[PDB]
Structure formats: C-alpha cells, structure tokens
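Participant: Input: one structure, supplied below.
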2 protein chains.
Amino acid sequence: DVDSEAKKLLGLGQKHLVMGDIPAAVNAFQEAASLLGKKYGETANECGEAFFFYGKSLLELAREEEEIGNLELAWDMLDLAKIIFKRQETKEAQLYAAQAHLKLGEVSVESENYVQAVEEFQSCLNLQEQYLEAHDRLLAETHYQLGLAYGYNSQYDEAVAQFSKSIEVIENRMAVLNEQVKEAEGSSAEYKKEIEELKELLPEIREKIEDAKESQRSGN
Amino acid sequence: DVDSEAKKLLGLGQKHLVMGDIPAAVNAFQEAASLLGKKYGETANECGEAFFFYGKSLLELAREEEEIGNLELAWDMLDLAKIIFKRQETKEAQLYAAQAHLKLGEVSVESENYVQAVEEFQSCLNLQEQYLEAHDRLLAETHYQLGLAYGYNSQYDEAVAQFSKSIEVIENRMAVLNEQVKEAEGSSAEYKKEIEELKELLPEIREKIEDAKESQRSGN
C-alpha cells in the first residue's frame, strides 16, 4: 500500500542521481518522504532512509536565493534522519547517522557557517571511528572534509592536522589494496593452474573408457 | 620430551617425500611411529597422523619380493590409522579416515587384490561424500581410483560408471574454478582502480597544505 508505493519512489530518486536530473530527483524523494511521514510520524524508524536522501538531494539541488531556502530545509531533514538513525543500536544504523552528520556539515559549509561544519564533521568522524577499519576509505573522506571546514575557519594548525590524518589513512589503505591485489591475482593463478591440469586428464579418462568398453566387447 | 622429539621426525619424512628420498622417508616415520606407539598405545589418537604417513611411505617404498613384505606392513599400519581416525567425530578426523581407506585400497591394487581395492575405495568415497563439496577435486580422484579397481576386476559396466562420475566432477569443478577466476580478477580490477584514484588525490591534499601553511605565514 503505502510502503510499497513509497519504496518505489526511492528507487527512482537514486537513479535520478544516476541520471543527474536533480530537480526531478528532489520531487522523487519529496512525495516518498511525505508518505512515510504522514503514516509513521516525523521520527519513526521507517523515515530515516527517506529523510536522508531527501535532504541529500536538496543540498545537491542547492548548487542569497532559493539556494538559501533549500539549505534550511535540507538541514531540517538531515537532522531528523540523524535523530532517527542515532537512536538505533546497529552498526549500519550508526554509519547512516554518521552520514547524516557528514551531509549536515556539508550543508553548514555551503551556508558559510564553518564552526558548525567542524562540529558536524567531528560528530561523523567520531561515530565512524568505532565501527570502521582504520584503513577504511571513509575515514579519509571525513578527515579531509573536516580539515576543509577547519581551513575555512582559518584554524590552520588543525586543518593541517586533519589533512595529515587523511593522508595517513589514504596511504595505509593503498597498502591494504596492494596486498589484496596480490592475493587476488595470486589466487587467480592457483585457480587457473588447476584448470589447465584438470583439462589434461580427461583425455586419460576417455582413453580409459575407450580402452574399457573395448574390453567389454572383446569378452563378448 | 617424546611428543617433541617425535613431531620433529614427522616434519622430516614429509620433506623427504619433497626430497623424494623414500628409503630415508620410511626410517623417518619408523622411529616417529614407534615412539608414539610405545608411549600412547597402538590405538591412541596421538598415533593416527603417524601410522598413516608411515603406512603411506611403505606403499611408495614398495615401488614377489620384499615389495610383498612391505605391503603387508603398510596395510596393517593404515588399518590402525583408519581405526584411530574413524572413531573421532570430526570433519577433519573423518577425511583422514577416508584417506586411510584410499591408500588402503591403493595397497590392495598393488597386491593384485582388486575386490578389496573396490571395497576400500568405496569406503573412502562413502565418507568423503558427507563432508566435501560435490565439485571437490577429491571426489574426482577417488571415483577414478575406484573405477580403476573395478576395471582390474573386469566389471566394465561399473568401471565405466565410475569414470563417468569422475568426469562429471572434474567438469563441474572447472566450472567453479572458472567462476572463481572471474571473481578473483574482477576484484583485482576493483582494488587496482581504487589505488589509481587514491593516488591522484594526494596531490590535492598536499596543494591543500601547501596553500594552507602559506596562509598561516601570511597571517603572521
């Protein structure tokens, strides 16, 4: 009924970013976020994934005018999605909440408020650093975003600090990624060798049956 | 003490097959299997891995003479290792017991007794087919060994049957192996792309610090 016709509208807006047709991506999330709100309430867990993407789109859509108008709403939405995500004890529910703070600080940057950006980016880095690997790509992406906000607020000692931490993750990641390429191409070699030898003993088995059924006829 | 000086002798005999110097590989397992027997008994679980390799070597060593003598003992040993393995409820302990029956039937083949070979190979196939994948390489290797014994006993209908089953596994395996090469080289591509893009944003971050510390000096 509702959940059905709404889950349908979510798949659209995401492939509207795939399409890049943002203005229709917004109206895709508009109605979807409206239904779940009118049905389940402004805070029920059902509306987290919805309020997030709807807020996310308004930020992208916003790129003094109606741009300042859309930021105000995009904030309110992501705040809700944050509140909706944070309260649930789930690694997935938390990283979503981290993602709320992330875009929450991106909206702060767009609105020239950098102190808040520093706060929301800090909030998001905090959460991610409980669940994710130290070499996770996201730690790098937030450290950088945070170091940008620090820089906009001309706290260069701390902006340099975050750029360092973001490089420290990016390097330590490519290390893992290289190690994973070795093991990937290494196992690809093991698998390929077995095939190239599995291939070369079916001849033996056929010339075993060739020579077997021939002995069955000869006995007759 | 004993377990220490014996576990040492096991590592030798295995790298004596790596060396291919079988006659010294036998005396490597001889003493090792003797110590654990004299300490723990002719059936204690400690002596399974030992009695197996010692039996395994005597079979290889045996390739009417002292060859017939070594087969008699190689049998007795692998029988024990079988008894020692089978009684333990462990996927690993069972596949070892399957391996006992396997070499147990190989010894039967070498001794011109094919009916027993058929039995011991059948015993081993039975066990493996509980734990292993249907595309496991071992199912193929036993089906073949069994079809050989069936052939030596000129039951060609059943020898052809086993060669078929062994081909059916070997083909269905290369299918998996091919599928695993795809995913291996596929993931190798994902990992390699991330590196080639992780590499190309450290420039951005350095020219972010370059441009950052320069603003710190300019303020001063």
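Labels for the structure tokens follow display order: chains A, B, ..., residues from 1 in each chain, ligands from 1.
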Leaving out residue 37 (chain B) and any residue of its chain fewer than 3 positions from it, which residues lie within 10 Å of it when counting only C-alpha atoms, given as a list in words?

Facilitator: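 Those residues are residues 31, 32, 33, 34, 40, 41, 42, 43, 44, 46, 47, 48, 50 and 51 of chain B.
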
Participant: Residues within 10 Å of region 126-131 of chain A, please, as a count of residues only. Count only C-alpha atoms; anything in the same chain fewer than 4 positions from it doesn't count.

Facilitator: 17

Participant: When you get a sec, could you note down which chain B residues fall within 8 Å of chain A, using only C-alpha atoms, as an MDAnalysis selection string?

Facilitator: chainID B and resid 151 156 159:160 163 167 170 174 177:178 180:181 184:185 187:188 191:192 194:195 198 202 205 208:209 212:213 215:216

Participant: Rounded to one decimal place, report the CA of residue 53 (chain A)-CA of residue 165 (chain A) distance in Å.

Facilitator: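 Computing the Euclidean distance for CA of residue 53 (chain A) and CA of residue 165 (chain A) yields 28.6 Å.
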
Participant: What does the structure give for the distance between CA of residue 54 (chain A) and CA of residue 39 (chain A), in Å to one decimal?

Facilitator: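 Computing the Euclidean distance for CA of residue 54 (chain A) and CA of residue 39 (chain A) yields 16.8 Å.
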